[PDB]
4 protein chains.
Amino acid sequence: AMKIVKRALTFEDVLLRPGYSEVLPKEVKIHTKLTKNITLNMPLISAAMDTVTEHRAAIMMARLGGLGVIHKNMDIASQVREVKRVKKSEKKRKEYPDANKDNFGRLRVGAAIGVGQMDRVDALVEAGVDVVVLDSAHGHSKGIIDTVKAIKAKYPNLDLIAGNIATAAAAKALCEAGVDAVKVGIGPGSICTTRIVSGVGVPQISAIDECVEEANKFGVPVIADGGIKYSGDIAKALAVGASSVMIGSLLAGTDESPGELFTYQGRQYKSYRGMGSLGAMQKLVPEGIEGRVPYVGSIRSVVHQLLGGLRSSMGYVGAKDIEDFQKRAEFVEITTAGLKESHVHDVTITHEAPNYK
Amino acid sequence: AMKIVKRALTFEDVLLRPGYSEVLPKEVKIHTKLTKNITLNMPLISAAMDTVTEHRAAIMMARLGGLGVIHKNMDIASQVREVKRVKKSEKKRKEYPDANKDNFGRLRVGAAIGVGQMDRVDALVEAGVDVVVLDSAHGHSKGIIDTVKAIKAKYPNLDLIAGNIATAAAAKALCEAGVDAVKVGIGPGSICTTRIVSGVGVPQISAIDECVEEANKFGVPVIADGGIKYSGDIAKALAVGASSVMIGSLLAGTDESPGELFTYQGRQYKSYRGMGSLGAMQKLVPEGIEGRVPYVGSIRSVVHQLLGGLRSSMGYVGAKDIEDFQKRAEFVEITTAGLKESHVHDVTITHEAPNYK
Amino acid sequence: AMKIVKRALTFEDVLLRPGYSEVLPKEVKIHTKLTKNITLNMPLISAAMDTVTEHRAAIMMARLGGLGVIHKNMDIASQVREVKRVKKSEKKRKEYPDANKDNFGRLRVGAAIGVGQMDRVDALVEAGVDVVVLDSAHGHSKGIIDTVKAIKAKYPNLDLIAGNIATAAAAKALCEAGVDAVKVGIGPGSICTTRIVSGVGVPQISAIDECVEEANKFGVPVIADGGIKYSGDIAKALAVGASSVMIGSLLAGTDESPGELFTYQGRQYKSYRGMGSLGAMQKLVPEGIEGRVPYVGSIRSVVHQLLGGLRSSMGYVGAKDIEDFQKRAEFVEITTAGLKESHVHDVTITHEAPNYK
Amino acid sequence: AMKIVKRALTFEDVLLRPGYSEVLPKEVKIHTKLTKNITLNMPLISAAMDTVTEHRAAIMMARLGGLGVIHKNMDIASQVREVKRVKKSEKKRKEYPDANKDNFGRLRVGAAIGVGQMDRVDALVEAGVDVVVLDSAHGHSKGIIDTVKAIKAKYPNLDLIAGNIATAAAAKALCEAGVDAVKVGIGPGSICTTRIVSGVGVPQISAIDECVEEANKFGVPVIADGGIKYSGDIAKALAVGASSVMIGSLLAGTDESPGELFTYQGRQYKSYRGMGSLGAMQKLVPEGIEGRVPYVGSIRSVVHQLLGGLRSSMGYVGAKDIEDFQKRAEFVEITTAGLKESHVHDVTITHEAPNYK
Ligand SMILES: O=c1[nH]cnc2c1ncn2[C@@H]1O[C@H](COP(=O)(O)O)[C@@H](O)[C@H]1O
Ligand SMILES: O=c1[nH]cnc2c1ncn2[C@@H]1O[C@H](COP(=O)(O)O)[C@@H](O)[C@H]1O
Ligand SMILES: O=c1[nH]cnc2c1ncn2[C@@H]1O[C@H](COP(=O)(O)O)[C@@H](O)[C@H]1O
Ligand SMILES: O=c1[nH]cnc2c1ncn2[C@@H]1O[C@H](COP(=O)(O)O)[C@@H](O)[C@H]1O
Ligand SMILES: [Cl-]
Ligand SMILES: [Cl-]
Ligand SMILES: [Cl-]
Ligand SMILES: [Cl-]
Ligand SMILES: [K+]
Ligand SMILES: [K+]
Ligand SMILES: [K+]
Ligand SMILES: [K+]
């Protein structure tokens, strides 16, 4: 007989219960850990995609307290240049009081690599990258493990993030290999078709919960990657036990993301595509699609709304910080009817909301 | 691992079972308690919103046996004036035989306040307000509790409603602080985006059930606030154990609600917006949206249909009054298919129904 | 705490499992019992509605082996005339070899009455009606029980159907009062809004199952009334334990139903409305709506497709007749995904199907 | 009371969990068994439908390593001719290195028959057909069993596939009759209305799982027939325990399928209809509909994408071949929210994907 391990849930399946609160949303602390050795002042990371993060997106993310990960869909020299532009970037000191900087007062930056790309790692390291993100469609693989070990052997002090995974067994394997963080997410991405093309995946809330419980045994932070639609999803992911959240679609339509604006039927858009899509890979068998997202202005405006939502959540739960948030957190499972009730219902929206579209 | 406390249900998830009946809908009694000391002749309350309740809406609600709560999105002098207009309001004596009046034959009225607004409380009291509604997005908070205690210390005999809450622990805290009623509803409002923005909330049926069980220990009435779409939702909320129901959207498009009619594509509408929306609050992080509702005529016509539905329900269950209704009530949980079956299906509606839109 | 008795299912929630079969659909027997004393050659009954059944619809239903119930939205003299037209109706003898006739070779006919309408009963009886259908929105009531007893006391041999009900307790009460059949269905009707207006109802599959188990103790047949969308629903209702099925919407758009054809956007329709709708009742509080259904030709063509579906079902299960069908029947509960899979999916229909619209 | 045997699942209800992998998608082996005696190099079979498989579709399927089944909606002489064209068909030898051939280097081919069609069997055998597919709407029947026994008695070495079934009891009966494979699928077909017309069927994932467990006791392969929408469904069906998959809709819009291209609103389509539809059968009671599918180019291009998806899946699970795949396979049950998350969400697709439409 078939082995059904569990009934897995995603963000829309659950809600946080309110708790007794003595703290205001403006008073709570949202600092967190990116890796074992790197801290963030905000728990947000921009995705390593060629329609989301290059040097300017990464600069703004670090300035606001988070991090940007330069994508790997470019030559080594180009990625080095993007990394250097971020490091050399730094009026600003209290225009951006929460800026995420290294020991030398330079903005933090991450960069993506693939399996066996040791040459790329060497160049990124000497370029002064703060963290390397070893990403694959399947992080629980021999190629990924071998690469982790090779990098750690050559650069023992280089912070290394590995992914993506969706099981406790995968988290254990990566942690035992010595990673400094694991990235969780198989299939939940907005532009991802992995679950449909391959039939493989785990609903993100359950994936995070399972991997966090295992990763916690090693003191290794979990990055929740993909599937974030609203600010409330950020809160849920962190409450479940994730230390940080990686975002693609919500940042693709900003000023700072690569690509240009274009008008379509009197509306402005930006291109957003999976890194496993045909376009990005250029017969291939794609695990992503090429699409469009509405233009939403600046990264700072988006981030402000996202963090505002997170602060509101911690206020409802009564949490003074993220660790406290995770300790207090209690969930209820809801139905489709509950989800319908949660959204705007039976009223025709006439004005655009900053955090609800 | 994540702590999922329960699988929570809302109105669409459940239905009342019919019981043996010896009573006709026209014969049942629908009087109830607003607070420990204030009775209603009808279990309906209009929401404290600037697109729902000012003096004229409040006057009609009290005349029909219920109550209106003057919103707090105005200066103290203005709210005092609105309260006074209702109190001085009182052909009518059996044009409106079920009118909700105080000891002096004056129409009952409520008024909303916020945390720390003691000056506003003083003025409303001397204006002769019958009940003060201390509402917050998060009633289970230090600010709310402290305000309850401060008001009770200065005005021991002033009826006080506090909210909003969604847990038994919250109900306990408010009741122990000495409130005369608790208002239940975190997220179910038609214009509410709290559950989406913050990820926090509890499906309304389960929220009511949980808070009622706790509040009953103190002899404190529960007000079911938000998420009411049809008259059947009123019946469900009361049957579960709520003593009264607060309504926003279903009353926003009436003659008596603030704001003017406007035509759009040959149809008339009225503005309806969350009190946490950008417009009502006027970067902010909104927990509500600004929208529109169809014009539906008079408050009396709407109320008649709502109460008609409630009377029908009690007739089906065989209840002579609300208390009996709550004792007899038995529910079944249904599926999405059951909900589809419950609504109008496989038939194209050609004539508008008074209670089904 | 709220008392949730069960998780109730309707037709879309379940499917019949195939069994070993030695019988062909053309060979199975579909005769059944209407009441304790009246047999049908087909298990179909047309609804007692003024847009479904008058004398000509009733005549065709009886000719095809089933029954029609003349509605009560007319004066006593008019209903008597309709009943007489059916009785006096009887080339036909093997144009319609399965005709449902009484001892005198006259077509069987039913007629609807309400609570306390003894005058109407007297006239229908002397008009030679075969069965009286005492219907109410709430069959589990004192008014219905008292009427059953009064009719049985005056006409001991008059077959009496009473409804509508949805619980075992209701079935017990009616059976103990001496009814010859119970009609099950609170809310599932296509034009019904009872569950939405009053919040009261039970999903039809569970309602049938519960009432059948109780009614079987008295040897009393159960009529499944309302919610039938496809021929497969007929099979499910009968398999669960119902002895017959009452249909409204699927017969409203036929030649024989009352009302005239009308064209709308190049398409022909017929009026179909709830008997609790404003129009049919002519401030009232309606429990039904007024609508339209596509014109579908003759009653015989519709019935042929419905019975064809039932025959196919019994063939799949391997049942030689209805009683055998009910004994063999095994169900699986499905998900929304299963229901989607069951319908036509991922293919654009280009030709109209006789039994699938 | 009604007997609900189980809560049955289909493809959309489940997802595969990723496992530790040391194999690349390009390295995995996808050979499998069609019957006890016939092997496939690819696990795909084209459906026996007059809008899917005749000689040219069958030729391409065998060339790519799978099989085509010539439909039976034609005279015996015509089906013989189609079979002969495939057998006589065989630059190609490593244009198509994975071709599915018999002992004589001729392309494998199947042909459909019905109950009692012994004359047709005789002619197909002497025409050199490799396998006969005895299909019925109800494989668990006396007619099918008797036909299996008659064929085996006359042609002991003729590979025989029988279907369709959906229960373990049905699988047992066919296997004990001596079939070489069972075909599973009652109702899941894209053009199928059986579950709606008759109320009979079993969600395909549970159907496969149940029949595989029984068929495995006899060493008899299970063919998963119908309901395949995406390549991920192929992976799920095989992972559950099916040895091969039969496909209709995904192959109907190819060059090689019977019927001609036609333009509609600037788009090209091909006809696709159920073999139980009115058109294919030409009052009848249809269990299928007549429709259209988009033109998708060549069979080879479609197959490449389907197999690419399967290879990706086995890579995620870490399976070196199909048997290993079935041993490693672990599933999670998901919700509607999880399914929504799995598909493309919150992004407007602007470019057509080869494997996602
Ligand atoms: O094409 C791809 N296929 C599958 N996943 C992808 C692809 N491209 C990006 N992703 C993942 O999806 C995430 C974006 O998720 P989003 O926030 O929902 O748009 C990225 O951070 C990657 O983890
Ligand atoms: O903007 C807001 N954010 C969240 N909840 C609100 C807001 N404004 C009003 N509410 C709540 O929603 C209720 C109205 O619910 P309704 O009957 O569904 O429209 C009010 O009585 C308040 O409890
Ligand atoms: O207006 C009404 N309100 C509620 N139920 C009704 C009303 N009129 C007819 N019905 C019921 O609905 C059935 C028709 O169900 P249908 O087959 O789904 O259209 C009738 O036989 C009655 O039992
Ligand atoms: O008209 C019919 N009624 C029911 N099932 C059919 C009919 N025609 C074909 N089928 C089945 O549906 C399958 C096609 O499934 P598809 O891959 O979803 O289109 C065929 O292989 C048959 O097993
Ligand atoms: Cl620049
Ligand atoms: Cl005025
Ligand atoms: Cl006539
Ligand atoms: Cl040719
Ligand atoms: K809401
Ligand atoms: K209904
Ligand atoms: K189907
Ligand atoms: K996805």
Side-chain angles (χ1 to χ4, degrees), chain A residues 47-49 52 69 135 137 163-164 183 185-194 225-229 246-252 272-277 280 286-289 345-347, chain B residues 45 47-49 52 69 135 137 163-164 183 185-194 225-229 246-252 272-277 280 286-289 345-347, chain C residues 45 47-49 52 69 135 137 163-164 183 185-194 225-229 246-252 272-277 280 286-289, chain D residues 345-347:
Chain A
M49 310 175 64
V52 176
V69 184
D135 62 8
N164 281 18
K183 237 213 304 168
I186 300 293
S190 59
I191 32 71
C192 175
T193 58
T194 297
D225 178 23
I228 303 297
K229 310 176 304 301
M246 175 168 287
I247 298 180
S249 70
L250 299 182
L251 303 170
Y272 182 53
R273 65 180 183 183
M275 296 293 289
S277 66
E287 300 228 318
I289 58 100
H345 54 93
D346 312 307
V347 174
Chain B
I45 312 161
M49 310 175 64
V52 176
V69 184
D135 62 8
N164 281 18
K183 237 213 304 168
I186 300 293
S190 59
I191 32 71
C192 175
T193 58
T194 297
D225 178 23
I228 303 297
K229 310 176 304 301
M246 175 168 287
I247 298 180
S249 70
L250 299 182
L251 303 170
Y272 182 53
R273 66 180 183 183
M275 296 293 289
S277 66
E287 300 228 318
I289 58 100
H345 54 93
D346 312 307
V347 174
Chain C
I45 312 161
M49 310 175 64
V52 176
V69 184
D135 62 8
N164 281 18
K183 237 213 304 168
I186 300 293
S190 59
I191 32 71
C192 175
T193 58
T194 297
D225 178 23
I228 303 297
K229 310 176 304 301
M246 175 168 287
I247 298 180
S249 70
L250 299 182
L251 303 170
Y272 182 53
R273 65 180 183 183
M275 296 293 289
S277 66
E287 300 228 318
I289 58 100
Chain D
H345 54 93
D346 312 307
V347 174

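Throughout, protein chains are lettered first and strands after them, A, B, ... in sequence-line order, and every chain is numbered starting at 1. Order of appearance sets the numbers: ligands from 1, and atoms from 1 within every ligand.
Residues satisfying the side-chain contact (heavy atoms from CB on, under 4.5 Å) test with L250(C), not counting sequence neighbours, are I228(C), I247(C), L306(C). Qualifying side-chain contact (heavy atoms from CB on, under 4.5 Å) partners for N164(C), counting only residues two or more places apart in sequence or in other chains: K183(C), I186(C), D225(C). Checked against side-chain contact (heavy atoms from CB on, under 4.5 Å), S190(B) has the following partners two or more places apart in sequence or in another chain: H345(A), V347(A), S249(B), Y272(B).
Scanning all heavy atoms of the two residues, the minimum distance from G248(C) to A47(C) falls at CA-CB, 3.8 Å.
Using a 4.5 Å heavy-atom cutoff, the side chains of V69(A) and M246(A) are in contact. In this structure, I191(C) and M49(C) have side chains that are in contact, with non-hydrogen atoms separated by less than 4.5 Å.
For ligand 1, the protein residues within 4.0 angstrom (heavy atoms only) are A47(A), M49(A), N164(A), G189(A), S190(A), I191(A), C192(A), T194(A), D225(A), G226(A), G227(A), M246(A), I247(A), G248(A), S249(A), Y272(A), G274(A), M275(A), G276(A), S277(A), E287(A), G288(A).
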